[PDB]
Structures are given as C-alpha cells and as structure tokens.
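# Structural description and commentary
For reference, the chains in residue letters:
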Amino acid sequence: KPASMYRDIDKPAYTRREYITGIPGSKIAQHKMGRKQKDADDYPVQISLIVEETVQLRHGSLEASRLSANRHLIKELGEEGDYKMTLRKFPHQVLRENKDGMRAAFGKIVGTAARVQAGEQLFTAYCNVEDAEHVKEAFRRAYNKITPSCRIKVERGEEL
Amino acid sequence: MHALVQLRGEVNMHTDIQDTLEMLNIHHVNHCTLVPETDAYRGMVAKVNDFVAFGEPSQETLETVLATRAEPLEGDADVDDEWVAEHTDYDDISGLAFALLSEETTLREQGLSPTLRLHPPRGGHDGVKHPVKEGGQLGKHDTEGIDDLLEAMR
Amino acid sequence: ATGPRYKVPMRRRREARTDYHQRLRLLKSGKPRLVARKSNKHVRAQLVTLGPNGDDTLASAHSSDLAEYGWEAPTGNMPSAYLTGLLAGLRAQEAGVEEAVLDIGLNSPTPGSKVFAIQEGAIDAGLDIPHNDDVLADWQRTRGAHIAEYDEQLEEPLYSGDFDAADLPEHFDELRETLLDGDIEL
Amino acid sequence: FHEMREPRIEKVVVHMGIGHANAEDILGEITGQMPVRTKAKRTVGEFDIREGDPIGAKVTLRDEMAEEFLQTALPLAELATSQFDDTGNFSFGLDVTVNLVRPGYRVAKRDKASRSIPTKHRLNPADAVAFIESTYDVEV
Amino acid sequence: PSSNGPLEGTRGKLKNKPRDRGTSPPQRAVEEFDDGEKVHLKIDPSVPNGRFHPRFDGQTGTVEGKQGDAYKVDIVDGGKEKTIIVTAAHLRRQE
RNA sequence: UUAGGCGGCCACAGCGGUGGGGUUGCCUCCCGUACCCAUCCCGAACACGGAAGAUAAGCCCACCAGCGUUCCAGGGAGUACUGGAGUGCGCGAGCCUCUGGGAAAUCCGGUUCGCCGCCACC
RNA sequence: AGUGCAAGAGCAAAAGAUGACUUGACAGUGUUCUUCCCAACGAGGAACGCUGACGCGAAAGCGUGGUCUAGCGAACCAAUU
RNA sequence: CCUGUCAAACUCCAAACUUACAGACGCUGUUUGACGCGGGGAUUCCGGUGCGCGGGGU
Ligand SMILES: [Cl-]
Ligand SMILES: [Cl-]
Ligand SMILES: [Mg+2]
Ligand SMILES: [Mg+2]
Ligand SMILES: [Mg+2]
Ligand SMILES: [Mg+2]
Ligand SMILES: [Mg+2]
Ligand SMILES: [Mg+2]
Ligand SMILES: [Mg+2]
Ligand SMILES: [Mg+2]
Ligand code: NA
Ligand code: NA
Ligand code: NA
Ligand code: NA
Ligand code: NA
Ligand SMILES: [Sr+2]
Ligand SMILES: [Sr+2]
Ligand SMILES: [Sr+2]
Ligand SMILES: [Sr+2]
Ligand SMILES: [Sr+2]
Ligand SMILES: [Sr+2]
Ligand SMILES: [Sr+2]
Ligand SMILES: [Sr+2]
C-alpha cells in the first residue's frame, strides 16, 4: 500500500495494546547499529538525520531506510568499523484499513508507524573525522526511502 | 481614556463581540465612543480589538471631534462652546474635553449622546484586514495615529 | 513518605489518639461530648463542644484537683473516677451545660469500668447523658468497697504512703457529700 | 540505663503444624495451660479444600509458665547461630519459638497511642544470644 | 454516551486525587448552614451517602431549610429551578 | 503544656537521623491479679489495683535535609499549548503575524523536620 | 488484598476479615432528584424525611437489602391479602 | 547504573477555555412594564455551507 494512506497525522493516537489485537510484528531488525559496546561520547563526530516535516513513517520504510543506510556503512567501513548508528524512533501508532461499503467501516489492523515531528532526529550516527563523508552518504540514501525531506546535520564536528 | 471607533461591520461578527460594541453604545460602523481605562472597560475593548480602532486622542483632536460630531441626548443641536456652557458643568468645549480625558465625567453624564457619529475617513483608512503593526488600521493606536484617524473622520 | 502518590493518615490517626469514625457518630447527636480519659495515676473528664478552629472545653475536671476538696486517697481508682465525673458534671451545670453524650475515646466499653463511673458521676451532677444502668458498676464498687475487701487480705498494707490501714470507702461518702452541697467553690 | 534495656521473655509459642487434633493432649501436659486450634486459608491440592478447619494447635506461654517450660525445653535443643531471627528471636524443633524483647514493648502492643519500637531499642541477634547464653547453656 | 446512568462519564469528578484518598474529616460532615446561605455543591468521593446528582457538581445554591439532617438547596439548572437534597459533607460555604 | 486532655488544617505535619529531659509534680514504661472485666490459649491485650524501680522505649524539648512533600527566586520559557482577528505564507499535511492568556519535565539556589484553636497545669 | 458479576469509581482502629447476635430484604405516607441536562412525558430507580413497629450497641448511632452506577413492564382479566 | 521510545479507553503535573454564584462597571426596565406568570394561534421535527475542534473512511 502507498504511504499516501498513512503518512499524515490525521487520526487519534492509537497505541493501547490492551484494546488492540492482531498487530503485525515490526520489520525493523535493529535499533542499535555498529559498535553497540562503545559509547557515543567516545566519538568526535556526531551526525543526525533530521526530518523536516511532521509525519508518520511505517515500519516498512523504517526498515528499508535504516537498511540502505547501515548497509552502506558496513560496505564502506567494514562489518566491524569504528562507528555506531541509532534509530531513536519506534513504531507505536497502529494502522488500520477498511478492507460492506462504508457500513461498519472501522478497519482491521494492518501495520504500525512511528510519529515524528518536524525538526526531530530519526537517525543519529557517531563516527570519526575520516568516516564523516560516508555517514553523510548513508543518510542521503536513508532519506530517499522516507516520506519527508531531510537535513543531514552535524552536532559535533568543527573538523571542516 | 480611549477613543473607540468601529471599522468593521456586524455581518459574520460574533454575537458576544457585537453585543459588547452595543454595550459600549456603538451600533454602527464609523461610530465612536469615549471609554475610561478601567479593568472592566479594558476587557471589553480587548474583545472588540479586531473590529475596532482605539487609542488615547490628543486634547486638540478631541476638541475638534466634539465640536464637529458630538450631539445632545436628543436633537440636532450643535455642541459648541455656548452649548457646552449652558448645559454642561464646563465653560467651553476644551473644559469638557479635558475632564473627559482626565476621566472626571462622561458625555451622557453631561447630557450628550455617548456616541460620536463620525464621517468616513477622508483619503481612506489603512485597511480592515490587518492591525496597526502590520500596516493596517485595526487594534490599538499611537496617540498620533488615533488623531490621524479621528481628524480624518472629522 | 514513599512518593507523591503516598497517603499519610490524619495527624491524630498517626498518633493513634482519635477514632475518627466513632467521632463522627458522636458529633451527630449535636450535644456536647463528655470526654472521659484515663491515665495510669489519674482520671480526667471534659465537657467538649464543637468549634471553628478546634474543640471547646466548657468545663473540665481532673482527679488531681479532687484533693482540693478533701481527698487524701490515690487517684487512679473507681471512687476517684466517679467523683471526678461528678465534679466535672457540676462545673458543667454551672456553665449552662445541660446534656451530653459519653465519648470514651480508645477505651473499652467494659461493664463497670471507670469511664462508665465517670459517666454515672456526671449524670448525678444533674447532666442528661444517654446511658445504660446495667453497664455501670454496682454502687458499692463505685464507693471503693472492692479495694477495702482487698486490703482485708492484708498481711502487708495495700497502700504505701499512710492514708490508712484498712482503707476508707467512707471517705468517698464524705467527698460526695461535700460536692453535692450547694456551697463549695467550684 | 542497663535495667530498662536488659531483655526478657515476651512469649514462648509451642506449636504443632499437623495438617488434619489428638495432639492437643500432649501440649497441655508439657506446657501447663490450655491449647488452641489452628485454622488455615486458601485451598490446597494436598486435601485442604475446607478453608476454615483444624490443622494444628499452639500455646502462648508468658511469665513463669514460659520459663518453667524453657528450663526443661532448651536442654533438649542444640541452639545454633543461624537459628536466630533478626529481631532477636529463635525457633527450634514440634516447634518451640521464643519471642525476646526489651522492657518497654507494651508501647507497640497497647491500644491507646501505640507506637512502633525504634531500631535502637529493638533487640539484636547478638544481644539475644548473650542474654540466653547467660542462662544455663551454650551458643553457636 | 453509550449508557444513560447517573454515574455516566463521572470518572474524573467522582474520584479523589491520591492524597485525598481515604476517609474524610468529620468536621465538614457536621457543619451547620443557615437558610439563605450560599453553598457550593461538590460531592466528596470518600463520602457515599447524602449525594446529589453528579450533573450538579459545581453549582452554588441557596440553603432553604433541611430534611432530616440533609439540607434542601435551591439551584437553577439552565433555566429551571430545582431543589436539591444534600448533606453537609458535600457542601462548602461560599466566600 | 518541666513531659497533659480534646481538636482544626490533614506530609510545610512523611521517612531516616543526632542531642537533651523527670524524689514525694505530669505522661509513661513499670509492679501486680481480690475484685468489675478479659483472652476460641495466654492479667500479652483488654480491665481492674497499685508505686520498688527507670528516663532505656514512648512522650515533650532542641537540631540535621539524605529520601518524600509545601512554597519562593533565577534558568528552561513567554518556549509548548491556546481564546479573538487576517484577500499573511504553503501543492499540501501545515505555518506565520497581530491581540488576550500561558504551562510541564528539568537545572540551580532557598524554604519545609508542622502551623493553629480550646481546656487544664509552677 | 478483599469487597457475588462489566467497567469506572469508594473503602483500612473499614465499606475488608473473623466471631456472635439479628431479620430494617419491616408496615404506612411523603419530600426531592432521576428517568426526560437545558425543557413537557409514564413505569422503573435513587437520595432524604416523617408515622408505626423492631434489631444491635454502653451510647451517640447504624439498619428504608448487597459500597455506588445494570438486573426491568401499562390498561383489561384472573388469583391472592 | 547507563542508554532508546510511547498512550482515545495512563497521570506526579497542567493550561488556554468553558461553567455556578455574588459584587462592580456597562447596557437595559419601571407612560416603550422589563424579569416573570397564565391563556389563544402556529409553523417546524428532509436542511446546507464556511471556520474551529473533532470520530469513521485511502
Ligand atoms: Cl484515655
Ligand atoms: Cl440531585
Ligand atoms: Mg439623537
Ligand atoms: Mg477618494
Ligand atoms: Mg485597503
Ligand atoms: Mg474524560
Ligand atoms: Mg534518651
Ligand atoms: Mg493557499
Ligand atoms: Mg390483553
Ligand atoms: Mg395470582
Ligand atoms: Na453489509
Ligand atoms: Na478523603
Ligand atoms: Na474453632
Ligand atoms: Na526516655
Ligand atoms: Na418515578
Ligand atoms: Sr481523520
Ligand atoms: Sr449495496
Ligand atoms: Sr524524501
Ligand atoms: Sr504485668
Ligand atoms: Sr491550492
Ligand atoms: Sr502575563
Ligand atoms: Sr447502601
Ligand atoms: Sr467544553
């Protein structure tokens, strides 16, 4: 299904699992990437991907964009490179679908999405000064798989 | 003491807003009233803010307006110095205008209609879709700004 | 204590001095409470009324100020308790108080107890208090006959400080006689 | 200071947790006073469907009855270090429990203005062993 | 509403804040009010008896006598005058 | 209030802690079961009777802020949100200006280890 | 925790537990709110009174069923007091 | 300990705002009699749109 059906925040917050059943599992494989044993403060450079518009990103896009991002980091910095990326958002919003015309229209559960306000950090990678151009590229690939336009903003990095 | 002037019509105006304007003795566009600056009166003009033009006028401007647009509680009668002298507690328009600004009395209290029925602004106003800070003619005004409007609506 | 959600009892409940549930049923009468309280050595009786910032004691009496009328005996017994109530009841009559309900606090409604003795004393002083005669001790025990007969099993004096050998419930009679007398500086 | 701080025997509870009686007879003879039945709550698969029903019995001994029992009860036991409660109590065994405490315990057992005994006035395992050991027997 | 009972949608108004939990002080349950006195209506969650219809919480009526120990308070629902039977426990003096 | 009784508000009063206080006074712990009363067993408690002892508990007094709570200053924040207005911007979801209001988390420094009423009483 | 049963709410020297006693789950008649916000409308419901008769308690007092909000039915006719 | 997120049927917090009553000002009424009461006559019980806030539905 198209994201056009679930990208906007036009419905109430629907997360209460004690009242919702049959919610599909999350396709998001990982939230902690790179070296999850090392700390974020142990890195000179901290780059984050910032969403420019308030939206809802389905776990399908979340996985795909996170995948196309980290896969690049693995390709350029190796499977054990000195970096660590983070997906700080979790798909809490349960999505329906009315799949009988408009009669008894309350739809059945089809998936989950993460609500992100404009200006928020969806991703945040921590790397060294050298690998800074690879993380920017991974994020460039990442924002190509999510509904909104994004900014690749450097939080810690006067090395330019 | 502030001078209120309705610049926006009644149609589509909220009833509670329209009712306030009527409580402030103003029932038509371009009608003006002199309101004391009290807590009670302040709440009222704040509610009317978007459909009105207000501010404290200069003694001079107030005198010009009173002379030209003030009226008795009943009748055509011109409110000139002689009129003021014979019916009010003052000696002339200036004496009246001073007490009004100093909030010592009211138009009604002196046998005058609470409303100053002004003429449309000569040369036109700054627009009723924007406030003063945005180049419009709505809301609170500078003493110089209010004078420009009132004098323009001589 | 633990957190924001924590509920701390009312002060007089933490202190375990006021049974609020009983207090309500008590106040429902509208009449003043005849607060009957005890101590290891003494016995007190207050006539309390309700007030805007707290209770109002209109007339009280303590076993300590009992000796002020000729009492050379101890102060934690039946004759003592009764007389204290009678004294309090009399001071109450003086203040305009005409009726009351027995408030015994955290004490037990045991038949023939001192709190009931206090009650009988106040009632005798002329106060109208809802009571039950067969829950009050028998007249003689109020006089302190149970203690005289205890001293009968002598061999060793019951009383340390010499008040007397075989004790005197007759003293009770003497004091009651004194209080019921119209004169007396209350 | 030491007087209103030296321990004493609060109570000695001799109990027999059977599970279904005839046992009351022996306790009455060994202790001296009358015993009391013991009920239970919650249904158990070990044939305990009847909630309120006799399962055991107990006897709370106080004063002489307590000591006169301990004189001929303690020798029958081999007191250990771990067998002591944090509040300065100990249970050995037919269970025989001894509740030990300082001179002003009534403060927490009375109705009027009751209060909980402060940690400092609460008896210690060590202070308990000592008091007991200092009366016809050995510790550890 | 899904149901039309008296306690419908009264989850908030008929519930104590955690610290106001437990039995309420007797003082206010015994308070005496005179006829003509203005009184604020507000049910005390902790007090079961002598309540009025929840819909009336927030009203400020006028004591006009009593029935037994409870009071008869006159209020104006919208435009309709009504007499409410209520105990002191759920009443407070205005001002 | 050189230690009491009944309370109001019901944590600013909680939790935890430190120091000080009692010859015929007070409150206690305390001593003790002939009685009134009492324990489904225990004068433990309740009840009654009483002072050899004690200030160690409690209690009263003075004090500490680590936790919890109340309030205050500054920071966050006139931010978030918002009642009124707009031929203001945006494809749009939405945003902005003007006008009237205005948080919360949190940081920091203070406050708070109850206040008050009636009665009794070296 | 428990409090018969949805859900939400109430309750700790209790509204819960245990024990004992008891039949107020009583007769008669009302006030008020609800049903039906505002604003007319029945049955039903509840809160709060009074009269009579009672139970328990030392007593204040509590009991007009179950802590509160569901568990209900007109005229005609029959049976019943 | 640290570190990453949420709630129409969560809340240690908490608006704007809505709302009861009262006072004040304003406006209004005492020949235009208000507020209120009683009676006669209706029509009406297919609505729609904008804006704000929504709930369902791509
Ligand atoms: Cl007492
Ligand atoms: Cl009602
Ligand atoms: Mg005219
Ligand atoms: Mg022109
Ligand atoms: Mg123009
Ligand atoms: Mg709600
Ligand atoms: Mg000390
Ligand atoms: Mg547009
Ligand atoms: Mg038929
Ligand atoms: Mg039949
Ligand atoms: Na169908
Ligand atoms: Na309460
Ligand atoms: Na039994
Ligand atoms: Na001490
Ligand atoms: Na009815
Ligand atoms: Sr929608
Ligand atoms: Sr069809
Ligand atoms: Sr994009
Ligand atoms: Sr003893
Ligand atoms: Sr367009
Ligand atoms: Sr302000
Ligand atoms: Sr009930
Ligand atoms: Sr509303």
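In this view, residue numbering begins from 1 on each chain in the order the sequence is written and may differ from the entry, while residues that lack coordinates are not shown. Chains carry letters from A onward and ligands carry numbers from 1 onward, assigned in written order. Any value you read here covers just the chains shown, which are one part of a larger assembly. Only heavy atoms go into the side-chain values, all of them from the structure, while hydrogens and water stay out.

Structure determination for this entry, per the PDB record, employed X-ray crystallography and reached 2.80 Å resolution.

### Focus: the packing of helix α1 (residues 59–77) of chain A against helix α2 (residues 132–142) of chain A
Residues and elements named next belong to chain A. Just so we agree on the cut-off: To get an axis, a line is fitted to the C-alpha atoms, and for a helix only the part in contact is used. The angle between two axes follows their N-to-C directions and goes from 0 to 180 degrees. Elements are defined by DSSP. Helices are runs of H or I of four residues or more, strands are runs of E of two residues or more, and each kind is numbered from the N terminus. Roughly parallel means an angle under 35 degrees; roughly antiparallel means over 145; roughly perpendicular covers 65 to 115; every other angle is labelled oblique. With the far helix as reference, a near helix turned anticlockwise by less than a right angle produces a left-handed crossing, and one turned clockwise produces a right-handed crossing. Every residue pair with non-hydrogen atoms within 4.5 Å of one another is taken to be in contact. When residues are grouped by polarity, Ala, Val, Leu, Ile, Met, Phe, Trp, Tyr, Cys and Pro land in nonpolar, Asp, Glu, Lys and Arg in charged, and all others, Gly among them, in polar.
One can describe the packing of α1 onto α2 by two numbers: an axis separation of 7 Å at closest approach and a directional angle of 155 degrees. It follows that α1 is roughly antiparallel to α2 by the angle criterion. Of the two elements, α1 crosses α2, and the hand of that crossing is right-handed. Contact with α1, carried on its side by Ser65, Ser68, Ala69, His72, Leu73, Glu76 and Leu77, involves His134, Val135, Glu137, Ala138, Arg141 and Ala142 of α2 and no other residues of that element. Classifying every residue of the contact of α1 with α2 by side-chain character gives six nonpolar, four polar and three charged.

### Points about the protein's contact with RNA strand F
Let me state the cut-off plainly: Nearness is defined per residue: one heavy atom within 4 Å of the molecule or strand is enough. Each polar contact in these results corresponds to two N or O atoms within 3.5 Å; when the atoms are within protein, one needs to be able to donate a hydrogen and the other to accept it, and residues that are neighboring in sequence are counted only if both atoms are side-chain atoms.
Surveying the vicinity of RNA strand F reveals 92 residues, the closest of which are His130 of chain B, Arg11 and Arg37 of chain C together with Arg62 and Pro103 of chain D. The sugar-phosphate share of atoms of RNA strand F within 4 Å of the protein amounts to 71%. For RNA strand F, a phosphate oxygen lies 3.0 Å from a polar atom in the side chain of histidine 14 of chain B. The side chain of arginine 106 of chain D places a nitrogen or oxygen atom 2.7 Å from a phosphate oxygen of RNA strand F. Looking at the surface near RNA strand F element by element, the count peaks at four residues for strand β1 (residues 33–38) of chain C.

### Remarks on the sheet that holds strand β6 (residues 121–127) of chain A
Residues and elements named next belong to chain A. This is how the line gets drawn: Here, a strand pair is defined by DSSP locating no fewer than two bridges between the strands.
Strand order across the open sheet formed by four strands is β3-β6-β1-β7, with antiparallel pairing between neighbours. Two strands bound the open sheet, and with one partner strand each, they are β3 (84–87) and β7 (150–156). Across the sheet, the axes of successive neighbouring strands diverge by a mean angle of 20 degrees, strand direction being ignored. Strand direction decides the pairing type here: strand β1 (residues 45–51) and β7, joined by six bridges, are antiparallel. The residue bridging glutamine 46 from the neighbouring strand is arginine 156, located in β7. Sheet strands touched by α1: β3 and β6. Its angle to β3, the strand with the most contacts, is close to 175 degrees. Lying on the sheet, α2 is in contact with β1, β3, β6 and β7; it crosses β1 at an angle near 15 degrees.

### With respect to the pairing of strand β3 (residues 56–61) of chain D
All names here are of chain D. The pairing of strand β1 (residues 8–17) with β3 spans six bridges and is classified as antiparallel. Along β3, the bridge assignment pairs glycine 17 with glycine 56. As paired elements, strand β2 (residues 36–38) and β3 share three bridges and run antiparallel to each other. Note on β3: the bridge partner recorded for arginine 37 is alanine 57.

### With respect to the pairing of strand β1 (residues 38–41) of chain E
Residue and element names in this part refer to chain E. Applicable threshold: Under the scheme applied here, a residue whose accessible area is under 20% of the maximum for its type counts as buried, over 50% as exposed, and between as partly exposed, the area being computed with a 1.4 Å probe on protein chains only.
Here β1 shows a clear split, with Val39 and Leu41 buried on one side and none of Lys38 and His40 buried on the other. As judged from the three bridges shared by β1 and strand β2 (residues 60–67), these two strands associate in the antiparallel manner. Within β2, the position partnered with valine 39 by the bridge is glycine 61. Sheet topology places β1 next to strand β5 (residues 91–93); three bridges connect them, and they run antiparallel. Within β5, the position partnered with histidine 40 by the bridge is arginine 92.

### Brief notes about the protein's contact with RNA strand H
As a matter of local geometry, RNA strand H sits amid 33 residues, with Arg96 of chain A, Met23 and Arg108 of chain B, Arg5 of chain C together with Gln94 of chain E nearest to it. For RNA strand H, the backbone portion of the atoms within 4 Å of the protein, that is sugar and phosphate, comes to 79%. Interatomic distance of 3.5 Å between a backbone N/O atom of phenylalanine 90 of chain A and a sugar or linking oxygen of RNA strand H. At a separation of 3.2 Å, a sugar or linking oxygen of RNA strand H approaches a polar side-chain atom of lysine 38 of chain E. Considering only residue class, the surface near RNA strand H consists of 13 nonpolar, nine polar and 11 charged.

### Notes on the interface of chain C and chain E
For clarity, the threshold we go by: Here the quantity called buried area is the total loss of accessible area, with a 1.4 Å probe, experienced by two parts when brought into contact, counted for both. Whenever a carboxyl oxygen of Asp or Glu lies within 4 Å of a side-chain nitrogen of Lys or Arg, that contact is scored as a salt bridge.
Every contact between the two is made by 11 residues of chain C and, on the other side, nine residues of chain E. Here chain C and chain E share an interface that buries about 980 Å² over both sides, 66% of which is from carbon and sulfur atoms. At the surface where chain C touches chain E, the tally comes to zero salt bridges. On the surface where chain C and chain E come into contact, there are two residue pairs in polar contact. Tallied by class, residues from the side of chain C that touches chain E come to seven nonpolar, two polar and two charged.

### A few points about the sheet that holds strand β2 (residues 43–49) of chain C
Residues and elements named next belong to chain C. A sheet is described by the order of its strands in space; here four strands give the open sequence β3-β2-β1-β4, paired in mixed fashion. A single partner strand is all that each edge strand has here, and the edge strands are β3 (56–62) and β4 (101–103). With direction set aside, neighbouring strand axes in the sheet form an average angle of 25 degrees. Bridge count between β2 and β3: six bridges; the pairing is antiparallel. Opposite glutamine 46, over in β3, you have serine 60 as the bridge partner. Here helix α2 (residues 20–27) sits on the sheet and contacts β1 and β4; the angle it forms with β4, its principal contact strand, is near 170 degrees. Packing of helix α3 (residues 78–94) onto the sheet brings it into contact with β2 and β3, and relative to β3 it is tilted by some 145 degrees.

### Some thoughts on the layout of surface pockets
Rule in force here: Lining residues are defined by having an atom within 4 Å of a point belonging to a cavity or pocket. Those points lie on a 1 Å grid over the protein atoms alone, cavities being sets where a 1.4 Å probe fits but cannot get out and pockets being open sets with protein on both sides within 12 Å along at least five of seven lines. Grid points are joined across faces, edges and corners, and a volume is the space filled by probe spheres set on the points.
Each pocket or cavity is described by its volume, and for the largest pocket that value is around 980 Å³. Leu24 and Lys28 of chain C together with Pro26, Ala29 and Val30 of chain E are, among the 38 residues lining the largest pocket, the residues nearest its centre. Those elements giving two or more residues to the lining of the largest pocket turn out to be α2 and β2 of chain C together with α1 (27–30) and β3 (70–77) of chain E. The element best represented in the lining of the largest pocket is α2 of chain C, accounting for five residues. When grouped by side-chain class, the residues that make up the lining of the largest pocket number 17 nonpolar, 11 polar and 10 charged.

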